[PDB]
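Enquirer: 3D, please:
(chains A, B, C and D, ligands or ions: 4)
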Protein chains: 2
Amino acid sequence: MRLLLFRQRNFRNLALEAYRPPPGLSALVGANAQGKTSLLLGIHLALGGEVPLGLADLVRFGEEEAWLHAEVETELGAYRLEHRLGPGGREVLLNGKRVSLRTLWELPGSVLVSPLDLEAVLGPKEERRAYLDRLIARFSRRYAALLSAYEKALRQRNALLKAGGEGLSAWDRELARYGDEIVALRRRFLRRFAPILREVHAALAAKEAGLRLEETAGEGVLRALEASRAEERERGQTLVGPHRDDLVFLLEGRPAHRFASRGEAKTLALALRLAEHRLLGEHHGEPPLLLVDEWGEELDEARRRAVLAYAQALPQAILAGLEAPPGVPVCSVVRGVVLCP
Amino acid sequence: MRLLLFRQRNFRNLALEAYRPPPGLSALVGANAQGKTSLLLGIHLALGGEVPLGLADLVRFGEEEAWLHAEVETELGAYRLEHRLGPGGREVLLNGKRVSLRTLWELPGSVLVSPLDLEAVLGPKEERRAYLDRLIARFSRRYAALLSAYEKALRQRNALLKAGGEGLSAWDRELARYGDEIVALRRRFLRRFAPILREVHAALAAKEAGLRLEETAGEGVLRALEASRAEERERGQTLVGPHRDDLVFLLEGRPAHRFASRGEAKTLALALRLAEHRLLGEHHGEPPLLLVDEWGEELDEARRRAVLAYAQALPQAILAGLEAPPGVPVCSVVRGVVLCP
DNA sequence: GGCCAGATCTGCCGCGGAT
DNA sequence: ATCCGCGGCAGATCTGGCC
Ligand SMILES: Nc1ncnc2c1ncn2[C@@H]1O[C@H](COP(=O)(O)OP(=O)(O)NP(=O)(O)O)[C@@H](O)[C@H]1O
Ligand SMILES: Nc1ncnc2c1ncn2[C@@H]1O[C@H](COP(=O)(O)OP(=O)(O)NP(=O)(O)O)[C@@H](O)[C@H]1O
Ligand SMILES: [Mg+2]
Ligand SMILES: [Mg+2]
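Expert: Numbers count the residues shown, from 1 in each chain, chains lettered A, B, ... in the order given. Ligands and ions are numbered 1, 2, ... in the order given. Next comes the structure:
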């Protein structure tokens, strides 16, 4: 796509009226507590994204109605997106008519690279496994249905199994029915995902990076549930299934959650986001818009040049931070208002 | 006190043999993956602290012998500490004779400021309570004993309650004593930790900081237990007690886990660590050594000027980062070795 | 060698936002 | 009105430290 115009009314501490991004790479500079995060967050929400914060904290102090408006231009045709926050919830108007948030799933959208994306690379097992589930669900709508259906059957089987025992064969059949499909989809996705991550991180650094998926029921879910009946009966839980897998990111053959430093995990997080951005371009046909917050804070001079040189080949990108990249147009944010010369 | 010497043998990527820090304020400059965090972590461990990492990941790749040696000088007299990490575990020598690790708890020690101290401010409900508990436990052992006793008594009471009902009145009285002592000690500590925090944060920024503790059994544990009898019986869990408190950090009157930016959160975390350092120095008699990692990574010029101006008045402190503070001695780390001008 | 502290992990229940 | 995805809380297994 190509963003044309952004307009807001009483969104967080913002005090602007209109913002027109230029084509190609851009920049934003400022001091602490000025509103770079607020502006990027508003641009992300205007195109149909998600935010960690609740909708009651996204309105100005003492008001009840926020309004965001953005205009985009694609080959298909021009669009106008209207958002209206408040107490009842969101209200989206695509081109002038009320419509649900789900219909925007087909549009390219945007990609937001933020500091909290770094806590999945070096986080606990649950968080690492949860990161992959919501990434595959962005490309296939069938994966989410299977993932939601498997959980109900697992819970019912475990609840029955806590009560001594019964003819629980049917729940075993259902669990085996869903787990095999889930595992096959995961393998199929990672087979495509690994080479792009390998060849993207090789342009920002030197060492190689990879993935390893440790499976528990790889040969068969039912043939693994039959092989652990005594221990499962004694313990009272289902100990085998896709809900117990492991994902680890490797740096030169070592786990990244125990050996990697901070400026070395930041590059892995950015490479993961950039590899996701590339695949969505082939899936949709038009690459999304890239938004990066604090692009070069925790990195040294060698890495910053590589990031800045990679980011300049994209159709459109916006970087924000305390310092101005050299050679690119620069805006400024002062107490919520954006002004450019 | 003072730190006079530091020597190692096969501790992570470090390859130095001796390192002598000058009195006053020092610095360390390096690129990514050079050994700044490793050096600070080694000093912190050698002086008698605790490290988040595991003891099997702290040894050089391919060996099972780690050695840490440090020489200090207290007002009473000089000391000498040595460490040895291997398969059996940690081993500590004090002037040539073995001693348990609990003995070093009386010595002043050190204070470490790290990026994962920022998760307490912006973290969930339980993490802030855990931070408060482990902060209070560094000034008294009665708190630890009461915590353990109360936890065990509550676990037994819940186990009994989940299976029908019995003479619970014998179990309400034992829990009430520990709960009352715990809440009294918490109030006593927070009545003194707040003015110091406000005064310290008033020198690094402009806004105001505060603390708020919300209690479910302020009037009395027995009264609340009697009041919530029907709910406890129906749900099956004790819904009232010191294990259900809130700690909220306020910036100009609003909670910091929602209405706050990155720089303000960093300043809050640093102010909390400095307040703990000052209180601990008052408690023992000699302020502990201060170690700061990436002091000024995500701050503007004014905030890090203020931080440097404050740190210039300490008996001994060491700062590390990608850049140097103007006007202080510096040392450079390359490939794991340290060379001073 | 043995057993108590104590932080880490996994499944269950109730709550908040969309269709 | 109802399913969906989620934050908060309690419980059990593990490894390492002290007697
Ligand atoms: N809903 C809101 N209404 C009004 N002010 C708000 C709101 N949310 C946040 N703020 C204020 O906005 C400021 C921080 O905004 P923010 O967008 O994070 O700045 P920033 O560009 O991110 N600075 P930085 O710390 O470098 O990231 C603070 O003064 C907050 O109190
Ligand atoms: N057990 C180990 N044995 C040998 N090398 C190790 C070990 N653990 C980590 N390393 C190396 O140490 C590097 C990072 O060291 P580190 O001390 O974090 O540097 P740093 O000063 O923190 N650089 P920065 O990324 O800015 O924090 C890793 O990239 C590894 O190459
Ligand atoms: Mg921000
Ligand atoms: Mg580091």
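Enquirer: which SSE is the most centrally placed residue in chain A in?
Expert: Using C-alpha atoms, centre = their mean, the residue of chain A that lies closest to the mean C-alpha position is residue A:135, 6.7 Å off. Assigned by DSSP states H and E, residue A:135 belongs to helix A:125-136.
Enquirer: list of residues touching that helix?
Expert: Contacts to helix A:125-136, defined as C-beta atoms under 8 Å, 6 or more residues apart in numbering or on different chains, come from residues A:119-120, A:143, A:147, A:185-186, A:189, A:245-248, A:257, A:276. Any C-beta I mention is one placed from the backbone N, CA and C, and that applies to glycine too.
Enquirer: these in strands, which ones?
Expert: Among the contacts of helix A:125-136, the subset assigned to strands under DSSP state E consists of A:246-248.
Enquirer: determine whether any part of the helix holding residue A:135 lies close to DNA strand C.
Expert: Yes: Helix A:125-136 reaches DNA strand C (C-beta under 7 Å from any atom of the strand) through A:125-126.
Enquirer: can I get that helix as PDB, trimmed to CA atoms?
Expert: Extracted C-alpha coordinates of helix A:125-136, given in PDB (Å, rounded to 0.1, in the frame of the first residue of the first chain):
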ATOM      1  CA  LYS A 125       8.700 -22.000  27.500                       C
ATOM      2  CA  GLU A 126       5.000 -21.000  27.500                       C
ATOM      3  CA  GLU A 127       5.700 -17.600  25.900                       C
ATOM      4  CA  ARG A 128       8.000 -19.000  23.200                       C
ATOM      5  CA  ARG A 129       5.300 -21.600  22.300                       C
ATOM      6  CA  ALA A 130       2.600 -19.000  22.300                       C
ATOM      7  CA  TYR A 131       4.500 -16.800  19.900                       C
ATOM      8  CA  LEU A 132       4.500 -19.400  17.200                       C
ATOM      9  CA  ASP A 133       0.800 -20.100  17.500                       C
ATOM     10  CA  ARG A 134      -0.300 -16.600  16.700                       C
ATOM     11  CA  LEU A 135       2.200 -16.300  13.900                       C
ATOM     12  CA  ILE A 136       0.900 -19.300  11.900                       C
END
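Enquirer: and it, what's buried?
Expert: The neighbour-count check on helix A:125-136 (16 or more other C-beta atoms under 10 Å in any protein chain shown) flags A:128-129, A:131-132, A:135-136 as buried.
Enquirer: try stretch A:48-66
Expert: Across stretch A:48-66, burial judged by 16+ other C-beta under 10 Å covers A:48, A:58-59, A:66.
Enquirer: chain B contacts on the stretch 201-341 of chain A?
Expert: Within reach of chain B by C-beta under 8 Å from any C-beta of the partner chain, the stretch 201-341 of chain A has these residues: A:258-259, A:261-264, A:294, A:297-300, A:302-303, A:322.
Enquirer: ok, now with 7 Å
Expert: Neighbours of chain B within the stretch 201-341 of chain A, by C-beta under 7 Å from any C-beta of the partner chain: A:258, A:261-264, A:297-300, A:303, A:322.
Enquirer: buried among those residues? Need that as a selection in ChimeraX.
Expert: Only the buried entries of those go into this ChimeraX selection, using 16+ other C-beta under 10 Å:
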select /A:261,262,263,264,297,298,299,300,303,322
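Enquirer: tell me the one among the residues of the stretch 201-341 of chain A next to chain B nearest to DNA strand D.
Expert: Distance to DNA strand D across these (C-beta to the nearest atom of the strand) is lowest for residue A:258, with 13.5 Å.
Enquirer: and the closest one, how far from residue B:82?
Expert: According to C-beta to C-beta, to the nearest Å, residue A:258 and residue B:82 sit 26 Å apart.
Enquirer: one more: residue A:4?
Expert: Distance, residue A:4 to residue B:82, by C-beta to C-beta: 67 Å.
Enquirer: skip the chain neighbours and tell me the closest residue to the residue of the stretch 1-150 of chain A found nearest ligand 4.
Expert: For the stretch 1-150 of chain A, the residue closest to ligand 4 is residue A:122, as judged by C-beta to the ion, at 11.9 Å. Excluding the flanking residues, the one nearest residue A:122 by C-beta to C-beta, 6 or more residues apart in numbering or on different chains is residue A:257, at 4.5 Å.
Enquirer: do the same with residue A:166
Expert: Excluding the flanking residues, the one nearest residue A:166 by C-beta to C-beta, 6+ apart is residue A:160, at 5.9 Å.
Enquirer: what about that neighbour, which SS state?
Expert: The three-state assignment at residue A:160 reads helix, by DSSP: H, G, I helix; E, B strand; the rest coil.
Enquirer: same deal with residue A:111?
Expert: Assignment for residue A:111 (three-state DSSP): strand.
Enquirer: circling back to that earlier point, can I get the contacts of helix A:125-136 in CSV with neighbour count and distance to residue A:37?
Expert: Formatted as CSV, the contacts of helix A:125-136 follow (neighbours: other C-beta atoms under 10 Å in any protein chain shown; distance: C-beta to C-beta, whole Å):
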residue, neighbour count, distance to residue A:37
A:119, 15, 17
A:120, 21, 19
A:143, 20, 31
A:147, 19, 31
A:185, 18, 35
A:186, 19, 34
A:189, 17, 31
A:245, 19, 34
A:246, 12, 33
A:247, 19, 29
A:248, 16, 31
A:257, 16, 27
A:276, 18, 21
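Enquirer: show me what stretch A:37-56 is in contact with.
Expert: Around stretch A:37-56, the neighbours that count as contacts under C-beta atoms under 7 Å, 6 or more residues apart in numbering or on different chains are A:6, A:8, A:11-14, A:68, A:70, A:81, A:83, A:85, A:89, A:101, A:104, A:107, A:109-110, A:112, A:291, A:293, A:320, A:333, B:258, B:261.
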